[PDB]
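The residues making up each chain are set out below.
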Amino acid sequence: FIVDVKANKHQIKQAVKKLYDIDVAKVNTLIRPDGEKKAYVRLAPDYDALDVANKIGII
Amino acid sequence: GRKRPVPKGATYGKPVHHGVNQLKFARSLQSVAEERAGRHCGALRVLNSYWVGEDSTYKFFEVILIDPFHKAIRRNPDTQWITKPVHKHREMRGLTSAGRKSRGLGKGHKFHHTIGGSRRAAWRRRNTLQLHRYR
Amino acid sequence: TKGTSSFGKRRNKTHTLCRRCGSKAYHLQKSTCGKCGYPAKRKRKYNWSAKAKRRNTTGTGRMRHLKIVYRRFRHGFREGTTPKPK
Amino acid sequence: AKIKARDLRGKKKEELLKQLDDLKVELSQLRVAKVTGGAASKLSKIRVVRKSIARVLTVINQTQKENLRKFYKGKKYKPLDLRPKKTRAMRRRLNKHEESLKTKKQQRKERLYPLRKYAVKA
Amino acid sequence: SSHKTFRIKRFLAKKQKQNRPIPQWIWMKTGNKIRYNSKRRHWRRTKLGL
Amino acid sequence: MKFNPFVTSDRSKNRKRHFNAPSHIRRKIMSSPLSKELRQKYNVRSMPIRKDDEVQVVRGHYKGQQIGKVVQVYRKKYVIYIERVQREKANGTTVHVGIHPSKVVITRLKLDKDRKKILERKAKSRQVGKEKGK
Amino acid sequence: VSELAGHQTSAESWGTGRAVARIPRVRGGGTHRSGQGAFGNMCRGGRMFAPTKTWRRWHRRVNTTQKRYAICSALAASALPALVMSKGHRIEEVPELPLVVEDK
Amino acid sequence: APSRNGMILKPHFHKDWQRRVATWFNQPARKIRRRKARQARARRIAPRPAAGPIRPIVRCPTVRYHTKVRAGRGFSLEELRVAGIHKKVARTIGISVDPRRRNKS
Amino acid sequence: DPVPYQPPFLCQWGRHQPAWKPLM
RNA sequence: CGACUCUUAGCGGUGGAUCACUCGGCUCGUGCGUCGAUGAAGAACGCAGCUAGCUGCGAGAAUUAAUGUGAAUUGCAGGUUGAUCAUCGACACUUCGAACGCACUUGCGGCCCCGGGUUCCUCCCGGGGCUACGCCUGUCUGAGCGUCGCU
RNA sequence: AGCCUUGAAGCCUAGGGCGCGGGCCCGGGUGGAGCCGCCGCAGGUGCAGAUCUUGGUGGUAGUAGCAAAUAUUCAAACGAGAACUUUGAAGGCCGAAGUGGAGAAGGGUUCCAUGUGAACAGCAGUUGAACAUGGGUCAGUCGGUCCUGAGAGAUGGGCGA
RNA sequence: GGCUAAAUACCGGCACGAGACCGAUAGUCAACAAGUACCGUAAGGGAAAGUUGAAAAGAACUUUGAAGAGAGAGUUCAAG
RNA sequence: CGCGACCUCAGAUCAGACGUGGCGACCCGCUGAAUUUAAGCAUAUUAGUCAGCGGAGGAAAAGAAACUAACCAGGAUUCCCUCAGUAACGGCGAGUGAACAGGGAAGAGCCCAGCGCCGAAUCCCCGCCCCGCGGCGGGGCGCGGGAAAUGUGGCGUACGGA
Ligand SMILES: [Mg+2]
Ligand SMILES: [Mg+2]
Ligand SMILES: [Mg+2]
Ligand SMILES: [Mg+2]
Ligand SMILES: [Mg+2]
Ligand SMILES: [Mg+2]
Ligand SMILES: [Mg+2]
Ligand SMILES: [Mg+2]
Ligand SMILES: [Mg+2]
Ligand SMILES: [Mg+2]
Ligand SMILES: [Mg+2]
Ligand SMILES: [Mg+2]
Ligand SMILES: [Mg+2]
Ligand SMILES: [Mg+2]
Ligand SMILES: [Mg+2]
Ligand SMILES: [Mg+2]
Ligand SMILES: [Mg+2]
Ligand SMILES: [Mg+2]
Ligand SMILES: [Mg+2]
Ligand SMILES: [Mg+2]
Ligand SMILES: [Mg+2]
Ligand SMILES: [Mg+2]
Ligand SMILES: [Mg+2]
Ligand SMILES: [Mg+2]
Ligand SMILES: [Mg+2]
Ligand SMILES: [Mg+2]
Ligand SMILES: [Mg+2]
Ligand SMILES: [Mg+2]
Ligand SMILES: [Mg+2]
Ligand SMILES: [Mg+2]
Ligand SMILES: [Mg+2]
Ligand SMILES: [Mg+2]
Ligand SMILES: [Mg+2]
Ligand SMILES: [Mg+2]
Ligand SMILES: [Mg+2]
Ligand SMILES: [Mg+2]
Ligand SMILES: [Mg+2]
Ligand SMILES: [Mg+2]
Ligand SMILES: [Mg+2]
Ligand SMILES: [Mg+2]
Ligand SMILES: [Mg+2]
Ligand SMILES: [Mg+2]
Ligand SMILES: [Mg+2]
Ligand SMILES: [Mg+2]
Ligand SMILES: [Mg+2]
Ligand SMILES: [Mg+2]
Ligand SMILES: [Mg+2]
Ligand SMILES: [Mg+2]
Ligand SMILES: [Mg+2]
Ligand SMILES: [Mg+2]
Ligand SMILES: [Mg+2]
Ligand SMILES: [Zn+2]
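- The record lists cryo-EM as the method behind this PDB entry and 3.9 Å as its resolution.

This is the structure:
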């Protein structure tokens with residue numbers, strides 16, 4: 001995901017848990033040279049990332 | 001008195017301005033007292049002040065200071081001239097009596113250098129060419 | 001060797017961006033801006049620099065408060081009223 | 001639909017917040033369509049959704065602050081947001097009443113010696 | 001440097017996004033006078049400040 | 001002469017009000033005469049032009065008796081595109097040629113409620129001026 | 001012309017040596033206008049010779065009797081047909097040249 | 001350097017006089033402004049005289065001018081005391097007062 | 001491009017230079 | 001005749017003078033004469049479907065509402081119970097900065113209240129409100145081998 | 001009751017002339033929107049120079065030069081095109097105090113892929129750190145952050161217009 | 001010890017109006033993305049740069065070329 | 001020793017306010033040169049100017065005589081014409097340099113403290129009621145609190161006043 005730059009890993013975890021109804025193993029964040037923060041949101045393995053990506057639209 | 005704040009001696013100029021030691025400040029010490037008290041208390045407004053004591057190294061002054069925002073001053077028609085913004089920092093502009101004394105203003109033949117509003121207004125009014133339209 | 005070869009030794013920096021005026025004139029060891037004197041409460045402005053004043057005056061930026069002050073002045077600084085509805 | 005503010009003003013707090021959440025989910029999906037690569041119609045719909053969100057939050061803020069200043073109307077101390085903001089110098093003036101106060105001596109002079117209405121002849 | 005602050009990195013981030021050419025629809029407008037971005041910085045020629 | 005001390009008789013100031021006018025002053029500037037039938041009828045000299053008005057071009061190359069519908073009023077260019085006032089581009093497509101509205105007469109007005117309101121208001125002030133002249 | 005026109009540069013001359021013609025030149029930098037000739041009436045930019053001041057004498061007083069003489073001469077020659085036609089007026093059909101009409 | 005025969009003469013332009021030059025292009029605008037303020041004052045006080053209060057007959061000082069007669073600042077308190085006008089009521093009916101004037105004659 | 005600043009003179013004539021020296 | 005050179009003319013390049021323009025100055029005059037702890041001036045970063053700069057704006061982010069206006073905006077797309085413009089009184093207004101919790105790394109806190117965490121059990125997480133110096137009136141809590149009174 | 005889109009100004013002219021001259025007027029052309037005579041008024045009013053200022057352009061001149069650190073060759077590929085790109089083979093060099101593999105400061109997207117060959121890379125390029133699109137930097141443990149050092153700097157106090 | 005309008009000043013600001021002024025080397029540094037690009041560690045220094053046409057009608061198409069470039073055709077009152 | 005007054009002095013994220021900085025053409029207060037001129041130069045001059053510092057406002061400042069005069073007297077302040085390049089200052093050199101009267105623009109005057117009389121007759125703040133509430137104001141009810149006799153208010157200020 002691409003995330004607002006003022007966000008914690010805790011806030012990204014709560015937002016991914018609330019918007020798409022999915023639990024999260026961990027969140028890794030980097031800030032791009034563009035300026036955006038990028039979040040790599042690892043999922044708890046009872047969820048498929050491909051299924052939730054097909055849910056939200058990205059394929 | 002006021003000694004000249006220059007490094008060691010060294011006024012880089014002509015022998016008139018070589019004086020450093022015996023020089024004197026143009027305002028009195030009571031006006032310095034009023035403006036120190038009124039600079040420390042930026043909200044309060046300086047009414048006036050008076051001599052209470054002196055040493056060889058110090059003089060002591062009481063300075064009368066007023067809230068322009070207290071309802072005993074702000075609701076009193078006798079004393080609510082001070083509540084107006086034209087009387088912000090009278091002590092800095094030479095408007096208290098100890099400041100008025102240093103300005104050299106009064107009526108008559110002794111005070112011709114301030115006829116006009118002040119000494120600066122006098123020097124200004126005298127040093128203008130009025131170039132009229134039709135000359 | 002005062003010319004070309006001594007210019008190679010220029011890596012450590014003296015100034016960075018000031019955080020009150022944006023310009024790259026905050027001296028890092030004196031901890032003061034040389035353009036506006038930042039830890040001083042007052043703006044550094046001098047009258048021998050007439051051109052340097054006009055680079056940073058009130059006309060220079062957005063005036064994101066002062067232009068609506070001018071607009072509210074031209075109607076007497078009215079408050080609370082709304083115009084007559086349809 | 002065309003979310004107009006006038007038929008948002010009568011509605012309740014809960015339906016305004018539910019419509020806000022509906023529009024927020026709608027804007028999220030349009031940003032997904034912008035990043036995956038979608039129609040031109042969704043890309044022009046994103047401005048409609050942004051301005052409708054601004055409208056709904058605006059109406060919420062209207063009905064919030066005018067209820068608060070209905071609440072603090074008679075009170076002598078009200079929040080600084082609800083106090084009148086004109087210029088700072090225009091707030092430190094005397095009141096309309098403190099400007100109208102005279103002393104007793106001055107009122108006695110104005111009672112005794114008014115400026116008469118007179119003319120003089122040729 | 002590989003060691004940055006957030007302030008300097010955000011400063012460089014802005015200058016990296018200002019560095020693009022003009023879109024080619026901008027010169028099909030009515031009152032165009034702009035042929036190209038004349039504020040293009042190259043990293044060898046002009047050294048950005050600091 | 002003009003006598004109002006707050007109207008400008010400067011060239012460059014008037015040109016700057018013209019070419020930097022907002023859109024609701026573009027609408028008033030881009031106005032056009034009614035035909036002698038409509039001017040006899042509504043007692044109105046001229047009206048601002050609209051998208052669905054019928055129109056004769058009076059000056060220029062495309063002038064004639066051919067009543068053409070306005071296609072779209074382009075207030076940015078101070079120009080209007082009329083139904084068959086058009087020419088062929090190089091590749092073969094047709095391009096609308098823009099006429100200025102003052103070189104154009106209206107022959108049918110497109111009458112909504114606001115258009116009728118503007119017409120009755122202009123007729124009213126015309127009759128009041130005629131009465132003060134009387 | 002404004003008082004500050006041409007004098008808003010800081011510009012020292014380069015002096016002798018350097019094979020240039022001893023005008024004040026613009027101080028340093030990587031721009032076109034640098035070392036480029038700055039004060040003085042003959043430079044590009046720069047002030048002009050004797051800037052026009054607003055205290056030029058714009059207004060002239062004439063004596064009142066001279067002004068009245070000129071009014072009397074201008075009235076006395078407006079009653080002569082040769083002089084009115086030599087001013088250029090088309091007057092050949094006017095009935096009488098001090099042309100007076102009713103007060104209606 | 002002076003050539004043959006002329007006035008020995010002293011121009012007072014050795015200072016920076018051009019920073020302080022009063023030009024008078026204000027002048028017909030000040031005449032218009034004063035005239036409009038004068039008429040506004042006249043329209044305000046509606047029957048009252050447009051000049052102001054009466055001012056006294058007054059000799060000029062200095063043997064150059066004591067033949068001449070001016071208008072004074074205000075009427076003396078002895079003049080009001082003899083004429084029977086109270087000095088606070090005199091300001092109300094448009095009589096000038098000043099309490100500085102003596103009367104010797 | 002960066003307009004080259006005017007030629008940086010660093011003297012050689014004068015008393016230091018031993019090439020072209022006059023009489024004296 | 002040749003080549004080369006020189007001169008003149010014609011045409012063509014180089015170059016941008018001249019002329020004609022002019023949404024810009026400059027000068028003079030007039031009216032008003034208005035910033036900020038209710039956070040200013042200035043700065044930083046963001047904001048457009050395609051957008052770098054300028055311009056406008058502030059996470060409601062090339063604007064919201066309201067009023068006037070009455071069918072557009074426009075480079076290309078896409079969509080009269082009021083489009084678009086102007087006005088602008090209602091609302092909102094990120095981070096620095098007088099700049100305000102302490103520092104200026106956006107680092108580290110303290111107090112109170114809410115919700116997940118809990119089943120007030122301490123932590124943990126998120127939200128919200130406070131937390132600058134000086135000074136005035138009053139309030140509470142005090143200090144004094146300061147001056148006294150009573151036991 | 002001047003001239004002008006039935007062609008103003010400017011500019012060109014082996015064209016006709018006038019004036020002692022400053023200059024001017026006519027014809028031909030180019031040009032596309034203004035201009036001029038006379039009586040007066042006013043000035044920022046006339047250039048060959050100032051090592052004048054700004055812009056442009058010559059001769060020099062197709063000249064000086066593209067000479068520091070040993071060195072390239074053969075075939076094939078792509079391509080419109082190859083001394084220089086790529087692959088292979090050969091011969092060489094740096095020779096572990098490297099021309100190697102990684103970092104600090106600094107730089108700021110130069111990193112990586114794809115495309116282009118205008119400009120730039122002082123020959124050339126199919127190549128590039130160029131240009132245009134797109135991508136890329138993931139931490140409880142690596143650093144910062146924390147501590148204090150030489151030092152810096154508030155408060156109290158002192159001084160100071 | 002103290003207050004006090006008016007006449008008076010105003011090259012900053014908001015809003016106007018005018019000119020025997022200047023006319024893109026002039027007039028403000030700035031008629032334009034100008035206190036911009038760029039230079040300097042910094043304070044500071046500081047540009048060049050207006051004009052197709054009435055309307056883009058901005059040259060379809062054929063043709064040599066790898067393309068830049070051309071040759072025809074076409075627009076227009078005129079691409080001289 | 002304990003309690004209580006008072007007086008001096010502290011601490012509060014105490015209840016409510018106010019100051020901070022900007023701009024700075026105009027204005028007020030300080031500070032304050034040297035180029036320059038004197039055909040040198042030091043006093044003078046430039047010049048109470050430039051730079052520096054502080055503070056305002058829509059104007060500021062000044063301002064209702066411890067004034068001018070010497071008349072047959074004028075009568076706050078400010079501004080204009082004039083006085084007047086004058087009286088005067090000055091290596092008496094270069095240079096500098098007012099005011100009064102007179103004519104106008106404008107015109108407006110007042111308040112304390114003290115001295116004393118009035119039962120503090122005075123002021124602030126908090127609670128409740130009525131009115132108005134986007135310049136928190138008016139009236140009332142409060143054995144509610146404070147300030148104040150180390151002096152609040154009314155009369156009254158040199159033109160006299162009780
Ligand atoms: Mg001296
Ligand atoms: Mg002094
Ligand atoms: Mg004395
Ligand atoms: Mg250092
Ligand atoms: Mg300051
Ligand atoms: Mg009293
Ligand atoms: Mg480099
Ligand atoms: Mg009219
Ligand atoms: Mg110039
Ligand atoms: Mg001679
Ligand atoms: Mg008068
Ligand atoms: Mg040209
Ligand atoms: Mg953007
Ligand atoms: Mg709206
Ligand atoms: Mg609307
Ligand atoms: Mg640190
Ligand atoms: Mg020739
Ligand atoms: Mg034309
Ligand atoms: Mg001229
Ligand atoms: Mg020449
Ligand atoms: Mg060679
Ligand atoms: Mg390596
Ligand atoms: Mg290496
Ligand atoms: Mg090359
Ligand atoms: Mg690479
Ligand atoms: Mg792990
Ligand atoms: Mg210190
Ligand atoms: Mg007094
Ligand atoms: Mg005063
Ligand atoms: Mg006029
Ligand atoms: Mg130009
Ligand atoms: Mg030109
Ligand atoms: Mg220019
Ligand atoms: Mg040019
Ligand atoms: Mg051109
Ligand atoms: Mg042509
Ligand atoms: Mg508190
Ligand atoms: Mg201040
Ligand atoms: Mg000398
Ligand atoms: Mg000399
Ligand atoms: Mg002096
Ligand atoms: Mg100064
Ligand atoms: Mg103000
Ligand atoms: Mg005052
Ligand atoms: Mg008195
Ligand atoms: Mg006097
Ligand atoms: Mg004389
Ligand atoms: Mg002598
Ligand atoms: Mg002097
Ligand atoms: Mg006098
Ligand atoms: Mg008393
Ligand atoms: Zn700074």
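There's more to say after this.
## Here we look at the overall build of chain H
Thought 1: Per the secondary structure count, chain H includes two helices and three strands.
Thought 2: The N-to-C order of helical and strand elements in chain H reads β-α-β-β-α.
Thought 3: Against the globule reference of 13 Å for 105 residues, chain H gives a C-alpha radius of gyration of 24 Å, more extended than a compact globule.
Thought 4: If one aligns the C-alpha atoms of chain H with their principal axes, the spans along those axes are about 75 × 40 × 20 Å.
Thought 5: Burial statistics for chain H: of 105 residues in total, 19% are counted as buried.
Thought 6: Of the accessible surface of chain H, which amounts to about 9300 Å², a share of 54% is contributed by carbon and sulfur atoms.
Thought 7: Treating the 30 positive side-chain charges of chain H as one cloud and the 4 negative ones as another, the clouds have centres 10 Å apart.

## What to know about the protein's contact with RNA strand M
Thought 1: Every one of the 113 residues lining RNA strand M counts as a neighbour, but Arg39 and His109 of chain B, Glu79 of chain C together with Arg41 and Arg73 of chain H are closest to it.
Thought 2: In the environment of RNA strand M, a base oxygen lies 2.9 Å from a nitrogen or oxygen atom belonging to the side chain of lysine 14 of chain B.
Thought 3: In the environment of RNA strand M, a phosphate oxygen lies 2.9 Å from a nitrogen or oxygen atom belonging to the backbone of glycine 116 of chain B.
Thought 4: Mapped onto the surface near RNA strand M, the elements with two or more residues apiece are α3 (119–126) of chain B, α5 (104–112) of chain D together with α1 (27–44), β2 (57–59) and α2 (77–83) of chain H.
Thought 5: Looking at the surface near RNA strand M element by element, the count peaks at six residues for α3 of chain B.
Thought 6: Its residues placed into classes, the surface near RNA strand M shows 30 nonpolar, 27 polar and 56 charged.

## Some thoughts on the side chain of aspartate 98 of chain H
Residues and elements named next belong to chain H.
Thought 1: Within the secondary structure layout, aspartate 98 lies in the segment after α2.
Thought 2: The buried charged residue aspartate 98 lacks any salt bridge partner; its closest oppositely charged side chain belongs to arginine 100, at an N-O distance of 5.0 Å.
Thought 3: Those residues in contact with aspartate 98, other than ones at most four positions away along the chain, are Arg73, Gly74, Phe75, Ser76 and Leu77.

## Some thoughts on the interface of chain D and chain H
Size of an interface, as often reported, equals the accessible area lost when the parts are brought together.
Thought 1: The partner chain H presents eleven residues to the eight residues of chain D that form the contact.
Thought 2: Carbon and sulfur atoms make up 66% of the area that chain D and chain H hide from each other, which totals about 940 Å².
Thought 3: Considering only the side of chain D, the residues that lose the most area to chain H are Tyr113, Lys117 and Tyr118 of chain D, jointly responsible for 62% of the buried surface there.
Thought 4: Seen at the junction of chain D and chain H, the total is zero salt bridges.

## Considering the pairing of strand β1 (residues 45–54) of chain B
Two faces, one strand: in a regular strand the side chains alternate between the faces of the sheet.
All names here are of chain B.
Thought 1: As judged from the eight bridges shared by β1 and strand β2 (residues 59–66), these two strands associate in the antiparallel manner. From the neighbouring strand, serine 49 faces β2, where its bridge partner is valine 63.
Thought 2: In this structure, the hairpin formed by β1 and β2 is closed by a connection of four residues.

## Some remarks on the protein's contact with RNA strand L
Thought 1: Inspection of the region around RNA strand L gives 58 residues, with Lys51 of chain C, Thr8 and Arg87 of chain F together with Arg27 and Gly30 of chain G positioned closest.
Thought 2: Within 4 Å of the protein, the contacting atoms of RNA strand L are drawn from sugar and phosphate to the extent of 82%.
Thought 3: Note that a phosphate oxygen of RNA strand L is positioned 3.3 Å from one of the side-chain N or O atoms of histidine 87 of chain B.
Thought 4: One nitrogen or oxygen atom from the side chain of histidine 15 of chain C is found 2.9 Å from a sugar or linking oxygen belonging to RNA strand L.
Thought 5: Where the surface near RNA strand L is concerned, the elements lending two or more residues are α1 (50–54) of chain C, α1 (11–19) of chain F together with α1 of chain H.
Thought 6: Top element by residues in the surface near RNA strand L is α1 of chain C. It accounts for three residues.

## Here's the deal with the sheet that holds strand β3 (residues 54–57) of chain F
All names here are of chain F.
Thought 1: In space, the five strands of this open sheet follow the order β6-β5-β4-β3-β7, with antiparallel pairing throughout. Bordering the open sheet on either side are β6 (94–99) and β7 (104–108), each of which pairs with just one other strand. When strand polarity is set aside, the average angle formed by the axes of neighbouring strands in this sheet is 55°.
Thought 2: Two strands pair when backbone bridges link them, and strand β4 (residues 68–74) and strand β5 (residues 79–88) are joined in this way by four bridges, in the antiparallel orientation. Considered in β5, the bridge of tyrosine 74 is made with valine 79.

## A closer look at the packing of aromatic side chains
Thought 1: Tallying each qualifying case throughout the model produces ten aromatic pairs over all chains.
Thought 2: Between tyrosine 58 of chain B and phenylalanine 60 of chain B, the aromatic rings sit 6.4 Å apart at their centres with planes inclined by 50°, giving tilted as the arrangement.
Thought 3: Take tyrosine 58 of chain B: its relative accessible area is 55%, and that puts it in the exposed class.
Thought 4: For the pair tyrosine 74 of chain F and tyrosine 81 of chain F, a centre-to-centre distance of 6.0 Å together with 65° between the ring planes defines the contact as edge-to-face.
Thought 5: Grouping aromatic residues by their ring pairs yields a cluster made of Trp55 of chain G together with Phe13 and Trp17 of chain H.
Thought 6: The ring of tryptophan 14 of chain G is capped by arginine 25 of chain G, whose NZ or CZ atom sits 5.6 Å from the centre of that ring.

## Structural notes on unusual backbone geometry
Thought 1: You will see that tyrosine 78 of chain F, though not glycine, has its phi angle at about 55°, which is positive.
Thought 2: Within the secondary structure, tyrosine 78 of chain F sits in the loop between β4 and β5.

## Describing the pattern of salt bridges
Two side chains carrying opposite charge are able to pair once their charged atoms lie near each other.
Thought 1: Evaluated as defined, the whole model comprises 13 salt bridges over all chains.
Thought 2: Across the pair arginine 27 of chain B and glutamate 35 of chain B runs a salt bridge, and its minimum N-O distance is 3.4 Å.
Thought 3: With relative accessibility at 10%, the residue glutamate 35 of chain B sits in the buried group.
Thought 4: For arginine 50 of chain F, the salt bridge is made with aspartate 112 of chain F, and the minimal N-O distance between the two is 2.5 Å. Of this pair, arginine 50 of chain F sits in the loop between β2 (46–48) and β3 while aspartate 112 of chain F sits in the loop between β7 and α4 (113–133), and the two are 62 residues apart along the sequence.
Thought 5: We classify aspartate 112 of chain F as partly exposed; its relative accessible area is 37%.

The rules behind the values
- Residues numbered from 1 in each chain as written, not as in the entry; some residues may be left out.
- Chains lettered and ligands numbered in written order.
- Part of a larger assembly, values for the part shown.
- Heavy atoms only, no water.
- Helix = DSSP H or I, 4+ residues; strand = E, 2+ residues; numbered from the N terminus.
- Rg over C-alpha atoms; globule rule 2.2 N^0.38 Å.
- Buried < 20%, exposed > 50% of the residue type's maximum accessible area, 1.4 Å probe, protein only.
- Areas by Shrake-Rupley, 256 points an atom, 1.4 Å probe, with all protein chains shown as cover.
- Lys, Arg positive; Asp, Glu negative; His and termini not counted.
- Charge placed at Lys NZ, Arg CZ, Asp CG, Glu CD.
- Near = heavy atom within 4 Å.
- Polar contact = N/O pair within 3.5 Å; in protein donor to acceptor, adjacent residues only side chain to side chain.
- Nonpolar A, V, L, I, M, F, W, Y, C, P; charged D, E, K, R; others polar.
- Salt bridge = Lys/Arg side-chain N within 4 Å of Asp/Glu carboxyl O.
- Contact = heavy atoms within 4.5 Å.
- Buried area = accessible area lost by both parts, 1.4 Å probe.
- Pairing = 2+ DSSP bridges.
- Axes fitted to C-alpha atoms, helices over the stretch in contact; angles between N-to-C directions.
- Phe/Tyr/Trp six-rings, centres within 6.5 Å; stacked < 30°, edge-to-face > 60°.
- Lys NZ or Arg CZ within 6 Å of the ring centre and 35° of its normal.

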